[PDB]
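For reference, the structure discussed in these notes is given below.
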Amino acid sequence: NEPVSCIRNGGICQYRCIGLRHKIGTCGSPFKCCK
């Protein structure tokens with residue numbers, strides 16, 4: 001993928017995210033992109 005996973009943006013990944021955290025995409029499958 002040219003755009004690479006959401007990690008390229010500099011955000012972090014986690015298995016699950018809570019409302020408090022915001023997700024703009026999915027870092028990976030076993031994790032999600034959240035900040």
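Identifiers for the structure tokens are assigned positionally: chains receive A, B, ... in sequence, residues are indexed from 1 per chain, and ligands are indexed from 1 in the order shown.
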Would you pick out the contacts of residue A:30 at 10 Å or less, using only C-alpha atoms, so that residues sharing its chain but fewer than 5 positions from it are not included, and give the list as a CSV table (one decimal) with C-alpha atoms, in the first residue's frame?
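Saved the output as selection_39.csv:
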```csv
chain,number,residue,atom,x,y,z
A,13,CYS,CA,-2.5,1.2,17.2
A,14,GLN,CA,-4.5,-0.9,19.7
A,15,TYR,CA,-6.6,-4.1,19.7
A,16,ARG,CA,-9.7,-1.9,20.6
```
Residues near stretch 2-6 of chain A, cut-off 8 Å, only C-alpha atoms, skip fewer than 5 positions along chain, as a list in words: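 Counting only C-alpha atoms, the residues come to residues 11, 24, 25, 26, 27, 28 and 33 of chain A.
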Which of chain A fall in strand (DSSP E), as a list in words: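 So the strand (DSSP E) residues in chain A would be residues 12, 13, 14, 32, 33 and 34 of chain A.
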Could you please take those selected residues and save N, CA, C and O atoms as a PDB file, in the first residue's frame?
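So the final result, stored in selection.pdb, reads:
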```pdb
ATOM      1  N   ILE A  12      -1.001   5.814  17.035  1.00  0.00           N
ATOM      2  CA  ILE A  12      -0.664   4.500  17.653  1.00  0.00           C
ATOM      3  C   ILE A  12      -1.732   3.463  17.307  1.00  0.00           C
ATOM      4  O   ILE A  12      -2.800   3.795  16.831  1.00  0.00           O
ATOM      5  N   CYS A  13      -1.457   2.210  17.542  1.00  0.00           N
ATOM      6  CA  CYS A  13      -2.469   1.162  17.224  1.00  0.00           C
ATOM      7  C   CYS A  13      -2.844   0.394  18.493  1.00  0.00           C
ATOM      8  O   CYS A  13      -2.071   0.296  19.426  1.00  0.00           O
ATOM      9  N   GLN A  14      -4.023  -0.158  18.527  1.00  0.00           N
ATOM     10  CA  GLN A  14      -4.460  -0.930  19.727  1.00  0.00           C
ATOM     11  C   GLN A  14      -5.502  -1.970  19.318  1.00  0.00           C
ATOM     12  O   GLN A  14      -6.187  -1.816  18.327  1.00  0.00           O
ATOM     13  N   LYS A  32      -6.232  -1.188  15.970  1.00  0.00           N
ATOM     14  CA  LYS A  32      -6.909  -0.078  15.240  1.00  0.00           C
ATOM     15  C   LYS A  32      -6.104   1.213  15.404  1.00  0.00           C
ATOM     16  O   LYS A  32      -5.345   1.360  16.337  1.00  0.00           O
ATOM     17  N   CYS A  33      -6.263   2.150  14.511  1.00  0.00           N
ATOM     18  CA  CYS A  33      -5.496   3.426  14.634  1.00  0.00           C
ATOM     19  C   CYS A  33      -6.228   4.396  15.566  1.00  0.00           C
ATOM     20  O   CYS A  33      -7.347   4.794  15.308  1.00  0.00           O
ATOM     21  N   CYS A  34      -5.604   4.779  16.648  1.00  0.00           N
ATOM     22  CA  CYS A  34      -6.268   5.719  17.597  1.00  0.00           C
ATOM     23  C   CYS A  34      -5.233   6.656  18.228  1.00  0.00           C
ATOM     24  O   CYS A  34      -4.059   6.351  18.285  1.00  0.00           O
TER      25      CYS A  34
END
```
